[PDB]
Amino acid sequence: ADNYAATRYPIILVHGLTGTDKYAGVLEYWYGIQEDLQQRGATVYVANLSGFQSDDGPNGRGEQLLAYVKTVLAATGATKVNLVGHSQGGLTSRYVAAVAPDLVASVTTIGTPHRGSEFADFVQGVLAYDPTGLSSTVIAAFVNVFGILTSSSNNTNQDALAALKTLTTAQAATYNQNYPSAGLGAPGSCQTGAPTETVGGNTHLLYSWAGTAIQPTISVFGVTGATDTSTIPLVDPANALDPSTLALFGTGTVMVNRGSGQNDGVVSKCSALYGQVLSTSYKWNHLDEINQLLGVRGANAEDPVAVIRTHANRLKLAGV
């Protein structure tokens, strides 16, 4: 124990799609991360928002997080917070930073689809193929019940279709127009923006990193293969002990065939760029970024717990 991660302002971890603080009140979303940070002197709060919803609008995840932020401030006596989001959580964090600039000290996004996901486009394209539209309704009803049952508080505010739509590349472009940020580069440039933003007397430190385990390889007329760089080829035990490893490799192959380039299974390198990009070299798939499942990762993957701990220290040294 020490003060290595003792930031001035409390850290709030913000989960993405399907998330909650504890799956079924048992499995921590941010596996072993809250415990690690607290041990190093950090004050950390884990948000519990709708696993399936849009970020904007009444009852959206953005208004839920804003309300949680104010509750943490009142309880801590703190005046600002440091937001750290994973996946869609990064978009929710941007929402709070935009509507309540004075309550935010920094925004860090990990594997966040700032420009949307080619995979969401794919799933949405599939649904639209049913001429009767029944597929959408049935699947929606099933995913929605799933969210209520896995939510640690059995939150009934779930809308799988809104969530899907929010993650498409077309919708993300509109979100960016509605909630602009100095941390974003020009649409379609695959570039980041500025390292900070001054939102009316309030300065925010902006950071981001992405995992690029899935890399495109050779190809034929219309077929691009991929390789999972986080693992030792075929015999890595992570292929066996963590079911998400191969699952993201597969999802990642669909991504590459949709022109995404380097990705973590669901988010491309270009889509995740935001603020000061600390790294896009991590050999991680989407769940490795949050030390899942149960702390398993390929033999070539960096330690996500260490990375996050180091960032809490960088925040301390930066003055937040």
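Only the largest set of C-alpha atoms that superpose within 1.5 Å between the two forms is called the rigid core. Counting begins at 1, following the sequence as shown.
Superposing the other copies on the rigid core and comparing 257-265 to 23-31, farther C-alpha placement in 5 other deposited structures of this protein marks 23-31. Note on 80-88 and 200-208: with rigid core alignment, C-alpha atoms in 5 other deposited structures of this protein sit farther from this form for 200-208.
If you average the C-alpha B-factors over 183-191 and over 91-99, the higher value belongs to 183-191.
Between the stretches 261-269 and 25-33, it is 25-33 that shows the larger average CA temperature factor. Per the PDB entry, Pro58 shows the highest C-alpha temperature factor of the residues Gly275, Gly41, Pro58, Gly252. Of the candidates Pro237, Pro113, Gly77, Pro243, it is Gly77 whose Cα B-factor is highest according to the PDB record. Per-chain ranking of the deposited C-alpha B factor places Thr174 in the middle third.
Annotation for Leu317: C-alpha temperature factor in the middle third relative to the rest of the modelled chain, per the entry. In the PDB entry, a CA B factor belonging to the middle third of its chain's modelled residues is recorded for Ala213.
In this PDB entry, the Cα temperature factor of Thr231 sits in the middle third of its chain's modelled residues. Annotation for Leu248: C-alpha temperature factor in the lowest third relative to the rest of the modelled chain, per the entry.
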